[PDB]
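Heads up, the chain below is alone and in the form deposited in one PDB entry; it's given as structure tokens.
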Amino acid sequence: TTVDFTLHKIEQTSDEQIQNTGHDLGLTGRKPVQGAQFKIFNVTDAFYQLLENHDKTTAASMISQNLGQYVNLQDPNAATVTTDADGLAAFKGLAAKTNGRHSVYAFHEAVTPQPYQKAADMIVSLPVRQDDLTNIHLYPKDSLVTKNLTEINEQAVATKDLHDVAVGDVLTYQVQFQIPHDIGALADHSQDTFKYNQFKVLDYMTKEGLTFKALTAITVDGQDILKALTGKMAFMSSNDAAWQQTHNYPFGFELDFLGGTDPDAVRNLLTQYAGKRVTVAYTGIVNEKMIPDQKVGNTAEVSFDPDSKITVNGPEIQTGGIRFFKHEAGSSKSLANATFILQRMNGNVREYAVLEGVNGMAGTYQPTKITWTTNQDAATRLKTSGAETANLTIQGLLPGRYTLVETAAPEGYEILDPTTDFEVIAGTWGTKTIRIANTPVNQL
């Protein structure tokens, strides 16, 4: 006689150990995972062979840690099923007994969909007994790899796929993933070498806009393991010289836990938290190369060998800007050296823009940071160039309502419109280049 195994693949986003009873748990309200491919293997002979020297929990553990040691995972006759849209996948008609013993079956996730890490290789030793079960329901868990932007200037923010930023903003990002359940295991059929020799986390942006600041924390099970790890693991950022040697990305970092000077101490630490969720957090600074009309996302790649990776995309960021064309009234003649300050309202209070890193700039202003002051004489005096289509541009601005205040006309002219109210449109240069006239004075 036989038994069926019904798998219900589900998403894991946290630490948990749901003891599989064997029963159907109805509608659990968990998110299913589609496209997971499972193989099944009869490990009965192998299990009872081990059961001579080790107890059942230990024997089961040994096969779980090193399943490829006990079965040929590459077998073409090994029954295979892929999980449907409801997470469902069934192996049917498996022998309930094998060479006179109650059968023991192993399950291996051969193909894990993006962006998930595999369910641990599970084993089921029969029977599962009724007060036996013919259909045994299992609930294998795929750990979702995530990347989120969590804070801006050390303040929490709503999780969005698109954020509006200002130059000088410090962005906190978090990449989350699972330490493998078999991280500490040795390689299949090798008593001296290890199973994992690479635990690489590669975060990068293809477009300019961020400067790497710091690796802020590495958390697991509410423990900051960054201190214990540091020096013993490989790490580099785009601020380092040897970044450019392997990658040509503007921004990023590559963190290998097992690529450092002391992989074995690291592996030992990781083994204490095997199966648990690690948060790697880091800060970046929005810089003068962050331009409008340009969404800029990052990508994180978790990999345990050269030939595969779990890839995930973080949110995009964008910044605002504005163009003005200061001209002679009644013509397209561009007027250099007209003077403005930038104003916004904060409640019913005028604040004025102070720009950092803009000595030497006239016409195009691309600051490293913008702060705001109620002292109007401290405001950065912006000057126009003689350029043809627009002779005053500002970028790195949050969207919203501003006023360009003309504080001095260019020589030979008088101010026509002192205040010029305008709007920064999120992520763009704005609807149009705003024209500002100055009237010439017939000097004698």
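Only residues modelled in both forms are compared. Throughout, we count residues from 1 along the sequence that is shown. Superpose the two forms; the largest set of C-alphas matching within 1.5 Å is the rigid core.
The discussion below concerns the form deposited in another entry, not included here.
With the core superposed, residue 208 shows a C-alpha displacement below 2 Å between this form and the one not shown.
The Cα shift for residue 414 between this form and the one not shown, taken after rigid core superposition, is smaller than 2 angstroms. A shift of at least 3 angstroms brings the Cα atoms of residue 115 and residue 158 nearer to each other in that other deposited form than in the displayed structure. Relative to this form, in that other deposited form the C-alpha atoms of residue 36 and residue 302 separate from one another by 3 angstroms or more. Identified as moving between this form and the one not shown on the superposed core are the stretches 1 to 11, 30 to 128, 132 to 144, each made of at least three consecutive residues whose Cα atoms shift by 2 Å or more.
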